[PDB]
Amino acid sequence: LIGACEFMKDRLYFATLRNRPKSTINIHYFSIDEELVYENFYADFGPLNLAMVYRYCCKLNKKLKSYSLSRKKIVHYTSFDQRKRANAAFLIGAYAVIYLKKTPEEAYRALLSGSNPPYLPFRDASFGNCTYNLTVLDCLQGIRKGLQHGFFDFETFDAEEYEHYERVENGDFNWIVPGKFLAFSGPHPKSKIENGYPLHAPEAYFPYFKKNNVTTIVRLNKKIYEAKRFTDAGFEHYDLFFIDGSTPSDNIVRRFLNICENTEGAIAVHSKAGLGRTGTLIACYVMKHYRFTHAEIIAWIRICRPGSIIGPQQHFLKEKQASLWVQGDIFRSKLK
């Protein structure tokens, strides 16, 4: 275990190993590299999504409470594939934050505690270069912030539901802020199957939305269904179009924040994929109202909905952070 990162004195370690190790009477080894696998869009490779973080933490907690392993060092290993290794490092750092009560900085210090190469930064889903480098530390800080503001709770998290509704066959949506924001791909005019691709019409969503207090739909992409189909059914509906892969005007950001601040229910936000444009505007709201940094919210939203926030949208959020924070301080003063 030379070079291994120690997370619990004489008890839990994170190791990078070129070949499969053999568990012994003294050491239990396990890897998730082939069990929890990131589903990529293009050259993005992580971070692993929230349900995969949950499944890891469940796996590890059971090992640490197991009688058969109670006298053993438990070693989470990953390989020399740096894209597997960054996700594996993210997983055990996140466990450290959630269950071992370490700060993101402590968890990350542990990840550097061996003699190991740096961890590769995560990147976006674009076809070019990505110069917004989302690090493992950023992802651990996003986890801490989500925990801090109750955006997830692994005592109640329902991974079967998460894994059900993320699928295009079941509507392709994810909660980003419980009770407040759901992100999804844009409905089509008719529920059907076209070239083996399942398409959902607005009405398909009504039961879930009504049951979960979705009062408002915000569309950010080109119109291919009549807004009336939602408003008839009782939903508020709003159009704030901006071009795929671009950043929204001040006017669009202003309008989005007013729409969301003036409902007490949840807002279902969509674009074409529900990734770039949708993630960018939700990020603006969460930076203003919860004071996430740009790195924390890009991490948090991608953990909930991989592929979210692309290309220039990333540097946009960094550029707008300071003013969104100010606008939030003003907003909260004018309360009371």
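Just count from 1 along the sequence shown to find any residue number.
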{"query": "Between the two ranges 16 to 24 and 312 to 320, the one averaging a larger CA B factor in the entry", "finding": "16 to 24"}
{"query": "Of 326 to 334 and 4 to 12, the one with larger mean CA B-factor", "finding": "326 to 334"}
{"query": "Residue selected from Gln148, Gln141, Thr247, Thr231 by maximal Cα B factor", "finding": "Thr231"}
{"query": "Highest recorded Cα temperature factor - choice among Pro189, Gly93, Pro118, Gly128", "finding": "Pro189"}
{"query": "Relative C-alpha B-factor of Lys272, binned into the chain's lowest, middle or highest third", "finding": "middle"}
{"query": "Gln82 - which third its CA temperature factor falls in, relative to the rest of the chain", "finding": "lowest"}
{"query": "Entry-reported Cα temperature factor of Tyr285, expressed as the chain third it lands in", "finding": "middle"}
{"query": "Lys210 - which third its CA temperature factor falls in, relative to the rest of the chain", "finding": "highest"}
{"query": "Chain-wide C-alpha B factor ranking for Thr135, given as lowest, middle or highest third", "finding": "lowest"}
